[PDB]
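Visitor: Before anything else, here's the structure in question.
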Amino acid sequence: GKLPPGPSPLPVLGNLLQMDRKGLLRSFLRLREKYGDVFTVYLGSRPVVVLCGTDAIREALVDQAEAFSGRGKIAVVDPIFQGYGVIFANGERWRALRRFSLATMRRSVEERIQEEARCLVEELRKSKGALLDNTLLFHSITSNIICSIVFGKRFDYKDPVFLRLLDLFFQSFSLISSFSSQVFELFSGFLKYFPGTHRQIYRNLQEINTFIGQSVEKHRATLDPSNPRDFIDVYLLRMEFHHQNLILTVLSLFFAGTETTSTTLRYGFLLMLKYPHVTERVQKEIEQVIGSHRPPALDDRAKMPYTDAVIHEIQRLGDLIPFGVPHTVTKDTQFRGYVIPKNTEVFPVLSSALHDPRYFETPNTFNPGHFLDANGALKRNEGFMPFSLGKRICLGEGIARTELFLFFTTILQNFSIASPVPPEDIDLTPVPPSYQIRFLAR
Amino acid sequence: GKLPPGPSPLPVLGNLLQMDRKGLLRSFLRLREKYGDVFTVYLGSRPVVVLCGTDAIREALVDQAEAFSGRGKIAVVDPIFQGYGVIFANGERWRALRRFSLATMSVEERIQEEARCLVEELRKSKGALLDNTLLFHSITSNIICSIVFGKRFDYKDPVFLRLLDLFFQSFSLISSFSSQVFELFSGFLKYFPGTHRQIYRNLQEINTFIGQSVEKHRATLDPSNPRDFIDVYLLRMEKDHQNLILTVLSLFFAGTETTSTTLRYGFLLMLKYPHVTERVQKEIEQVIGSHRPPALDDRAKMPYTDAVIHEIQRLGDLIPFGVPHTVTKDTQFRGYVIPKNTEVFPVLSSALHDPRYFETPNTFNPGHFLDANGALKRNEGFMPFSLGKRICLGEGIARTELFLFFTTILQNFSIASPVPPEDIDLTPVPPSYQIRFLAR
Amino acid sequence: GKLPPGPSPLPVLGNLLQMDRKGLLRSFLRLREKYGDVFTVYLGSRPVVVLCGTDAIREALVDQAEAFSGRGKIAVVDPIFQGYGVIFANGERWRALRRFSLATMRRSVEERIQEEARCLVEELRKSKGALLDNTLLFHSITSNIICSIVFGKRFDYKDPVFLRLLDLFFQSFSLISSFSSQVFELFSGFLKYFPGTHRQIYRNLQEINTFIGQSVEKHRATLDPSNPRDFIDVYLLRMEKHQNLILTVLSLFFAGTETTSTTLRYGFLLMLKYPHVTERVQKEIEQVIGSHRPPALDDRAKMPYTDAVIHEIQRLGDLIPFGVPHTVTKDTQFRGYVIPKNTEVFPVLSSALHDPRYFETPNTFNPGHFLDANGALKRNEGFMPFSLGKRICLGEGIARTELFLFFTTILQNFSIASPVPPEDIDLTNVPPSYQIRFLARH
Amino acid sequence: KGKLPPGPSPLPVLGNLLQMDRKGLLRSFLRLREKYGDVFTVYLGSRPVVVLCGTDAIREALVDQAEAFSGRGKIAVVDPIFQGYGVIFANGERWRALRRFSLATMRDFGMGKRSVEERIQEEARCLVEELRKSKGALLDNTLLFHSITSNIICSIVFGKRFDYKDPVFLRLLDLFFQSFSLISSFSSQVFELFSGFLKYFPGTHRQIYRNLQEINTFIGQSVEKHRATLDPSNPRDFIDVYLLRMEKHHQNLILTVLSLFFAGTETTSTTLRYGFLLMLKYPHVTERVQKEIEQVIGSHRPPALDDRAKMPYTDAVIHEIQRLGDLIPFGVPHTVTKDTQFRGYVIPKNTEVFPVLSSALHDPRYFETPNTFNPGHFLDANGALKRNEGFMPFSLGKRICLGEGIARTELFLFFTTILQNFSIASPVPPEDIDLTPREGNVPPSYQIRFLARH
Ligand code: HEM
Ligand code: HEM
Ligand code: HEM
Ligand code: HEM
Ligand SMILES: c1ccc(-c2ccc(Cn3ccnc3)cc2)cc1
Ligand SMILES: c1ccc(-c2ccc(Cn3ccnc3)cc2)cc1
Ligand SMILES: c1ccc(-c2ccc(Cn3ccnc3)cc2)cc1
Ligand SMILES: c1ccc(-c2ccc(Cn3ccnc3)cc2)cc1
């Protein structure tokens, strides 16, 4: 019974000097070759266990789910200061949210998404096939879904309030560091920056908490059970400053997710620009199953292997969350013939699975074959886990994947796509590059 | 026996919603007004104790030094994984470095010689408008080089530049408000220091190099004449590799960088207030005259200039929050309780601007550090280097760099800029700017 | 969310000054009246949560079994010193023993108890109805069972080796303390005496181990699989797939048998006080088993009264009034209080066995407790002399079978008498030493 | 490099409990020392404990690193989650207070040291009067010694000694030394080890004690009486000292102190019992002592504390008695406070530690004949008292006996005064006195006769 093997560390720095010039990911890969699927690396004085390949990540997150579900120290409340019960309250809250998101699936996403998909088309027609940067377009459409689900009705793309919160929630801003400043941090035991809060993207923060209040007010007055129209009055029901903020927090979480959805699309479309023959096939399957006279609907995905396989492939290659979200072991645990002590930090390196050779004939090339059998139907591939697995698997998986199928097909149904750059010359290597694309009505 | 009071937190966010639009500092200040000199705020789910004003910070860092000296979780080794002894080795190593830095206090001469080189470079400027940023990084850095490798680099030496590049290479990481709220909810930050890549070529070239210098040193080294910090390394080694040095080197640079900025800020300040620069140039002529380089012993006979430099460090306030510490033992502080392992901010800024110690906390004012007769006077609020068990290891070097570099410059040149003094905006890190050095 | 209420403590002593003159149990009871079913008391500087009444104990040990299953600090290994894996090894070992004991129940255990039951009768016949102290007799019979189960064959009552180990395992010996010596201990944080501390603890044992070695040898020297004949070669098999483990296991088995023996001793005295009950039982015996065959386990089903009586005996006897203290594993929410991980907890078994909400007359001998109107056995939730939950007695099966068979077989072949008239028997947790006479019914 | 103290490998549940000498835990520690050295790690149950052997090792720990090795056992550590801090701290200050008060008894101006000396002197006197009234009868000094040492504590706490047969005295002599035993089988113990919980626990016994409720009452009476009559700045005894800290929980706090004090007195009493038996076996030593007594104190005044200075032999002898007696062989276990570096090993905060006092009192590097009675241990060539570092029957460091002062003064005075006025004899001939204890480190029971020297 030993700890997962790893490279020996240096004081202050840990293994920070043995990383590939190529990046932390390459490092983890070369490390795997030497030490295997489970190993121990050091960021500063702290050890972390790295999990590589499908099988290893699955065993951990799935087979021993309770053991591997813990959050990072920043998220753990100190009873000595807050006492328990806030611990537990949070507990019940989580379960509640977790429960509500299943209900959403069981005018649900399918219809709301079908609506938004329409609006998108109309906007794309009004583009009159102009070259543009889809970034704002995709953020808007994925976001609206969240809005319809939370406040009850989509915003108009140019609605002040919408923009103000599209602004708040995706406002970029960067913090700056020198190599020296960092080594020092490592030596302090404290990072320079911490979250909180927007500076000029905080301008609207004041307005958005405020907007929430208003919507809750309106909602409250017309509220009726057992007729909960959207998430707000669901809140109001569990209920029946702090409340407005509690909402925010959910809202924020939801947006953190939508942003990934949006990027998954952006990446997907660029990818399709590089590979028009695929886009063609998909347009074909579309015409063969949905035809030309009705909107695509969620039930169609079943009868459209290629397109699904293609979307799967997009999530796979895209790999937007390569490291997964780090967890924290809950109980001293026996894993793959090693030991992992309660409170060890752990990386399920999702990327190492999405590119796992034992599961993907060509881990680095775009290849729908990954998800198709001889007969050409969708086939399960265990390496496909872009949403993670286990107790903490994405709360948004359902909504997101439905967003991806519908937004994707509806678009390819009504338009074809082109760019200045010739397919041969599209560089897929990165977040996906900003680019220009043109939507042409069919 | 209670915990330090504070604003009630929200789930996930903590007190992150009750901060002033104006910034974390303003918040801490308004908070002080309401809860007092010691209070408790929440970043995420985690509590942190904030320390405000001279008296409070001093009590903590100085009076209860052992209690308030702990480092952040990132810096704490886990025995279950590494075992103890590496804990202890580090321990002894620290004491060693701590001991060596007192021995260093040489420095005086090396600085003086660098001071000279600076002057010659400033002459060659032929009074051209420039951005002193690179100049100051170079001069302060060389000191560290002379102290570690044994001899200054030439300002344009490839190796120098390559490491001036490694150690100050800026690079930024980017975050959305949403990405952040999510981090808070994960318990994990997106970015960890140094994980980033990486100037890999440069770090690698140096690592290779230190090797070289150690080699050379090894072959020619001897006692009781250990020339520079490398041998001292070689000696502690021979008494019982390239990587430890690097780490020290980095630490040293992290510091030098602050020294450089303290100068940059100082000079801009003097551009806004030429009548002060005049006085200083006067005291310089009255005490050091015009025919010898300023020397450390001069500071004693030059109150004004000292007071001014003090005032510069005060206003500059480059480390407003101090470096967060970690309580070591359950402790009784100012009639509250602080549990072992509580994170703590000694908000240095709150002292450097403490009204109980500075007649005009927010205006440049050398009177802060002068009595009626006009001699240097101790001001307890002056704590830019922190205080206590972990007070700056570089305090000595740094302050010596500041006095010499400052005076020598003002001795041989006067300064001017496009922007008229009335129009210099001191509000921020100090703005990038242009300045001209004119020989006297 | 608060901690369980309780009396305020004093420095060093805790609540040790507020105990009834009557004993710790009375205290817990008076405490219950004031603070309720869950409260917090202090032994020295250390808090402990006390659990009172059936419902409370059950909720804890049963409903939240994983939460309330932790052992005392003495039993918790320090990884810094021993590393994990020994932690885990122990873990798997436990499960193993736990598994083997269910198998024992699945040549068999019942027969082994029946054969011993016979031997008991023959010894009781050879008593020629002499007044004696059944203490040694009962320790012997219950012990043999363990020996048949472990080494494969009963010892003869006067076999040297038997006696030598009957001696080791039940050898009494006492340690002595002054009130002052104790207050001081409380102030040191350390007790004067430690289990296993004694010189004799060691001496008895070395001799014990040697016999084991031999039996393992023999057993080792002759087994075939799955021709395994008892616990030894079961050991040998898990090994092939030492004496030290066997010994520990055996000691725990004896720790238990000792309770079984006392349960009998108490039972018989009780019956001396209440001959009209003994009569009934002798009657049911004749009505169901008759006079010409030994009682058998299957008979208990068709003998409500007798079962009810044995239940009543365990209930009143209350040999483990405080239960075996446990240690909360996870921060927990219990009965609208909070209990922090690592809190020590008493499930005061006695408070259930005497719970008014479940026993018409908690303090008088009353088989009615376990019978319905029609006179069949009825479940009573308060009956938990073996504890409940993840750590419920490993020996429950064997013990209860020992109790039914030993009891009935005896009362079938003999009747009982004493000098003292039932009116005078003293109930006065150990049962008084006494004299009893077994008279054949021929 | 940096490693934990070495030791024998443990077994599940049992730890090292199977590798102990048949001879007893002490012999074990000794044989273990031979193999692993002065600092090693043994396992009681699943718990590790660090064992400290020999003078040098114990001294380095308790003395050189005193703050590091001063921690109490888990039973004595308050949980903040339940009690909050401050009770932690209050206790702290309380301790210091008691610690301060005990020095005030010993030094050395005002009430100070002499008042205490006088009390022992008086209670010593009665011992003589009582011994005269024995008319040289064979008796068991156990109760006599418990009484005399106890009274000191009473004079110090309540302000005046108790008549030896005074009901209240007896009642509390009874409470505080009342023996009572709990019983265990080998199996019941193995099980405990497996539970993580011991069967018994201090005070958890109902019997302790009927008198407990009544004494407690006594204190109230005494505190009451004291309260009305007391006055600073002359504070007569510990009660009004309490009253003063109060005026600046009532009996409970006193009771606890009282108990602690008695726990100690009991050791003092045994030290005497042992001492006297020892002298019965070695009458030629008793003669010498009686001689020094006559040569320094003469025959016409009571011995006084200042005499010890001028009486090397007798002192050396008493030292030797404490040494051989070894009433607290294991010392009182402590608890490491801070992760520590000790003798080139590592000891983690919260490790339990035994400073095996016996291993020092019998340390060959300090005692020519560790196992024989030998005053030479504490004398130089010239025959004066010489310091012996191995002599630490009171422990050392931050937590060294609070009673060292009183106790040692009790031992010198009680001892000499007695040997001054009587000589001693027993049925058993010296050759035949067996000094080895009985199942316990406690001295074997015995009969002795005090004969006046008139
Ligand atoms: C479209 C592509 C998306 C991907 C690949 C993605 C991926 C993930 C991943 C990797 C996690 C980590 C689970 C873990 O911590 O183990 C996650 C969790 C989560 N996802 Fe998403 N996300 C996406 C979009 C969304 C969306 C649209 C939502 C909208 C609700 C969302 C909500 C969440 C939330 C709230 C969690 C938290 C996990 C937890 O319960 O602790 N994500 N998602
Ligand atoms: C220019 C003015 C400088 C200022 C105002 C400054 C300020 C500080 C402050 C406030 C700390 C707080 C330490 C703590 O309590 O955590 C610190 C630490 C430190 N400083 Fe500087 N510094 C300066 C220049 C330098 C230089 C040139 C060096 C060269 C080596 C240096 C080396 C260090 C080191 C090694 C520490 C480590 C603290 C520890 O041991 O925990 N500093 N400094
Ligand atoms: C009337 C007879 C017995 C009674 C009343 C009894 C009662 C108990 C009780 C109350 C416990 C504590 C469960 C807990 O930890 O909460 C226990 C545990 C145990 N008993 Fe018995 N016992 C009896 C006989 C036996 C016998 C014959 C064995 C033989 C194996 C035995 C073996 C054990 C063992 C090995 C445990 C360990 C508890 C655990 O694994 O958590 N007991 N028993
Ligand atoms: C006659 C021989 C005595 C011996 C050998 C003795 C020995 C000890 C020892 C070994 C300790 C443990 C200290 C430690 O943890 O290192 C101790 C503690 C103590 N003893 Fe004594 N004692 C004696 C008599 C007394 C007497 C008469 C008193 C009367 C007050 C006394 C009061 C105490 C007290 C109050 C402590 C508290 C220890 C602590 O503060 O942690 N002892 N004693
Ligand atoms: C550390 C912490 C968080 C993350 C992170 C990963 C994915 C996302 C986007 N997202 C949100 C919900 N599902 C996916 C945000 C943050 C990565 C490293
Ligand atoms: C959090 C992390 C690092 C720090 C820190 C502050 C100042 C400095 C500059 N410095 C380093 C040594 N002397 C000055 C580096 C890092 C503060 C908060
Ligand atoms: C604390 C420690 C041990 C015990 C204990 C409980 C039961 C027994 C007898 N026993 C053990 C297993 N089955 C019955 C011995 C000790 C109780 C409280
Ligand atoms: C473990 C726990 C307590 C003890 C103990 C030692 C000495 C005493 C008596 N005593 C009182 C003052 N000095 C010693 C009581 C208990 C020893 C080992």
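Every chain in the structure tokens takes a letter, A first, then B, and so on in the order presented; its residues are numbered from 1, and the ligands are numbered from 1 following the presented order.
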Could you list, as a list in words, every residue within 12 Å of residue C:422, counting only C-alpha atoms and ignoring same-chain residues fewer than 6 positions away?

Guide: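 Listing them by chain and then by number gives residues 269, 270, 271, 272, 273, 274, 275, 276, 277 and 416 of chain C.
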
Visitor: Dump as a PyMOL selection string the residues of chain A that approach chain D to within 10 Å, counting only C-alpha atoms.

Guide: chain A and resi 79-81+83

Visitor: Using only C-alpha atoms, select each residue of chain A with any atom at most 7 Å away from an atom of chain B, and give the selection as a ChimeraX atom specification.

Guide: /A:12,16,21,23-24,44-46,71-78,168-184,186-190,195-198,242,252-253,255-256,326

Visitor: Could you list, as an NGL selection string, the residues of chain D having an atom within 12 Å of chain B when counting only C-alpha atoms?

Guide: :D and (1-4 or 80-81 or 83-90 or 92 or 337-342 or 344-349)

Visitor: Include N, CA and C atoms and write out the residues we just selected as a compact mmCIF listing (two decimals), in the first residue's frame.

Guide:
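Dumped everything to again.txt:
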```
# COMPACT_ATOMS: atom_id res chain seq x y z
N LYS D 1 17.84 10.08 7.93
CA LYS D 1 17.63 11.49 7.61
C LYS D 1 16.77 12.20 8.67
N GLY D 2 15.51 12.49 8.33
CA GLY D 2 14.48 12.84 9.30
C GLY D 2 13.44 11.71 9.35
N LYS D 3 13.51 10.90 10.41
CA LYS D 3 12.64 9.73 10.52
C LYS D 3 11.99 9.68 11.90
N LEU D 4 11.02 8.80 12.04
CA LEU D 4 10.40 8.61 13.35
C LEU D 4 11.26 7.68 14.21
N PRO D 80 -13.03 23.11 21.62
CA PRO D 80 -13.64 24.42 21.48
C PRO D 80 -15.00 24.32 20.83
N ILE D 81 -15.12 23.45 19.84
CA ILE D 81 -16.39 23.32 19.18
C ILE D 81 -17.51 23.15 20.19
N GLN D 83 -17.03 23.69 23.94
CA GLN D 83 -16.95 24.59 25.09
C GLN D 83 -16.54 25.99 24.67
N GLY D 84 -16.00 26.09 23.47
CA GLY D 84 -15.45 27.35 23.00
C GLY D 84 -14.12 27.58 23.67
N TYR D 85 -13.33 28.52 23.16
CA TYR D 85 -12.08 28.86 23.84
C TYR D 85 -12.40 29.70 25.05
N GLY D 86 -11.39 30.30 25.64
CA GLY D 86 -11.62 31.11 26.82
C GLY D 86 -11.73 30.30 28.11
N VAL D 87 -12.49 29.21 28.06
CA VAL D 87 -12.46 28.25 29.14
C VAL D 87 -11.09 27.59 29.04
N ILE D 88 -10.61 27.45 27.81
CA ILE D 88 -9.23 27.04 27.57
C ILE D 88 -8.27 27.98 28.28
N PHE D 89 -8.40 29.26 27.96
CA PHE D 89 -7.59 30.31 28.55
C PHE D 89 -7.77 30.51 30.06
N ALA D 90 -9.02 30.56 30.52
CA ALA D 90 -9.30 30.70 31.95
C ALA D 90 -8.49 29.66 32.72
N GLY D 92 -5.92 28.13 31.69
CA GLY D 92 -4.57 28.60 31.60
C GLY D 92 -4.21 29.50 32.76
N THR D 337 3.71 19.27 21.84
CA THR D 337 2.90 20.42 21.47
C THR D 337 3.10 20.86 20.02
N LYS D 338 4.34 20.81 19.55
CA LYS D 338 4.73 21.30 18.24
C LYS D 338 5.47 20.19 17.49
N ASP D 339 5.30 20.08 16.18
CA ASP D 339 6.17 19.18 15.43
C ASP D 339 7.59 19.46 15.89
N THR D 340 8.35 18.43 16.26
CA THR D 340 9.67 18.64 16.87
C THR D 340 10.78 17.75 16.35
N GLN D 341 11.99 18.29 16.38
CA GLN D 341 13.19 17.56 16.06
C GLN D 341 13.88 17.17 17.36
N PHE D 342 13.96 15.87 17.64
CA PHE D 342 14.54 15.41 18.90
C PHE D 342 15.54 14.29 18.70
N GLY D 344 17.82 13.77 16.65
CA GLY D 344 17.96 13.32 15.28
C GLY D 344 16.82 12.42 14.84
N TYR D 345 15.69 12.57 15.50
CA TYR D 345 14.45 12.02 14.99
C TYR D 345 13.43 13.13 14.89
N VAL D 346 12.23 12.73 14.49
CA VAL D 346 11.13 13.65 14.37
C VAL D 346 10.03 13.20 15.30
N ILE D 347 9.42 14.16 15.99
CA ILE D 347 8.22 13.83 16.72
C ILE D 347 7.13 14.82 16.43
N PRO D 348 6.05 14.33 15.82
CA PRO D 348 4.87 15.06 15.34
C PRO D 348 4.06 15.63 16.49
N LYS D 349 3.54 16.85 16.32
CA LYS D 349 2.65 17.42 17.33
C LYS D 349 1.59 16.40 17.71
```

Visitor: How would you write, as an MDAnalysis selection string, the set of residues no farther than 7 Å from ligand 3 when counting only C-alpha atoms and all ligand atoms?

Guide: chainID C and resid 252:257 259:260 263 319:320 323:326 385:388 391:396 398:399

Visitor: Counting only C-alpha atoms, which residues of chain D come no farther than 6 Å from chain C, as a PyMOL selection string?

Guide: chain D and resi 22+24+45-46+72-78+176-189+191+194-197+202+206+259-260+262-263

Visitor: Can you build me a table of chain A residues sitting at most 7 Å from chain C, with the closest atom pair per residue and its distance in Å to one decimal, using only C-alpha atoms, sorted by chain and residue number, as a tab-separated table?

Guide:
```
residue	atom	partner	partner_atom	distance
A:1	CA	C:85	CA	4.9
A:84	CA	C:1	CA	6.7
A:85	CA	C:1	CA	5.2
```

Visitor: Just to be explicit: take each residue in the selection above, keep N, CA and C atoms, and write the result as a PDB file, in the first residue's frame.

Guide:
```
ATOM      1  N   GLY A   1       0.789  -1.221   0.000  1.00  0.00           N
ATOM      2  CA  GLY A   1       0.000   0.000   0.000  1.00  0.00           C
ATOM      3  C   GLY A   1       0.828   1.281   0.000  1.00  0.00           C
ATOM      4  N   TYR A  84     -21.847  24.436  11.709  1.00  0.00           N
ATOM      5  CA  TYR A  84     -22.417  23.546  10.726  1.00  0.00           C
ATOM      6  C   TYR A  84     -23.794  24.080  10.360  1.00  0.00           C
ATOM      7  N   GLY A  85     -24.564  23.279   9.644  1.00  0.00           N
ATOM      8  CA  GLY A  85     -25.919  23.674   9.342  1.00  0.00           C
ATOM      9  C   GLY A  85     -25.981  24.581   8.138  1.00  0.00           C
TER      10      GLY A  85
END
```

Visitor: So, counting only C-alpha atoms and all ligand atoms, which residue among D:264, D:303, D:232, D:12 is closest to ligand 4?

Guide: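 Residue with the minimum atom-to-atom distance to ligand 4: D:264.
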
Visitor: Could you list, as a PyMOL selection string, every residue within 12 Å of residue A:67, counting only C-alpha atoms and ignoring same-chain residues fewer than 3 positions away?

Guide: chain A and resi 59-64+70-71+327-335+340-346+390-392

Visitor: Leaving out stretch 211-220 of chain B and any residue of its chain fewer than 3 positions from it, which residues lie within 12 Å of it when counting only C-alpha atoms, given as a ChimeraX atom specification?

Guide: /B:145,148-151,159,204-208,223,225-235,237-238,241-246

Visitor: Taking only C-alpha atoms and all ligand atoms into account, list the residues no farther than 8 Å from ligand 4, as an MDAnalysis selection string.

Guide: (chainID C and resid 184 187:188) or (chainID D and resid 62 70 72 95 99 149 153 257 260:271 322 326:328 331:334 357 393:408 411)

Visitor: Could you please determine the separation between atom CA of residue B:434 and atom CA of residue B:124 in Å, to one decimal place?

Guide: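 Separating atom CA of residue B:434 from atom CA of residue B:124 is a distance of 16.8 Å.
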
Visitor: Return as a list in words every polymer residue, whether protein, DNA or RNA, with at least one atom no more than 7 Å from an atom of ligand 1; count only C-alpha atoms and all ligand atoms.

Guide: residues 253, 254, 255, 256, 257, 258, 260, 261, 264, 320, 321, 324, 325, 326, 386, 387, 388, 389, 392, 393, 394, 395, 396, 397, 399, 400 and 401 of chain A; 186 of chain B

Visitor: For the selection just defined, write its residues with C-alpha atoms to a file, as a short mmCIF file (atom, residue, chain, number, x, y, z; two decimals), in the first residue's frame.

Guide:
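Once written, selection.cif looks like this:
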```cif
data_model
loop_
_atom_site.label_atom_id
_atom_site.label_comp_id
_atom_site.auth_asym_id
_atom_site.auth_seq_id
_atom_site.Cartn_x
_atom_site.Cartn_y
_atom_site.Cartn_z
CA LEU A 253 -23.16 29.13 -12.42
CA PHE A 254 -25.60 28.62 -15.30
CA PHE A 255 -23.80 31.20 -17.38
CA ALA A 256 -20.38 29.74 -16.63
CA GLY A 257 -21.82 26.72 -18.37
CA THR A 258 -23.60 28.42 -21.23
CA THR A 260 -18.83 26.59 -22.74
CA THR A 261 -21.83 25.68 -24.84
CA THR A 264 -18.51 24.44 -28.37
CA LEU A 320 -12.86 22.74 -23.66
CA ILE A 321 -12.16 21.50 -20.14
CA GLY A 324 -11.67 18.53 -15.82
CA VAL A 325 -12.70 20.25 -12.62
CA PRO A 326 -10.38 19.20 -9.76
CA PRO A 386 -16.67 15.88 -22.06
CA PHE A 387 -19.18 16.42 -19.30
CA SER A 388 -17.28 14.41 -16.73
CA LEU A 389 -18.99 11.53 -14.89
CA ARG A 392 -20.83 15.77 -9.90
CA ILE A 393 -21.33 15.28 -13.64
CA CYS A 394 -22.44 18.46 -15.43
CA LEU A 395 -25.81 19.72 -14.18
CA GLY A 396 -26.25 21.23 -17.58
CA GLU A 397 -25.51 18.14 -19.63
CA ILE A 399 -29.78 21.41 -21.69
CA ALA A 400 -26.37 21.86 -23.27
CA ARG A 401 -26.51 18.80 -25.52
CA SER B 186 -15.47 24.59 -7.26
#
```

Visitor: Looking only at strand (DSSP E or B) from DSSP on the backbone, list the matching residues of stretch 284-400 of chain D as a PyMOL selection string.

Guide: chain D and resi 334-335+340-342+345-347+352-355+379+385
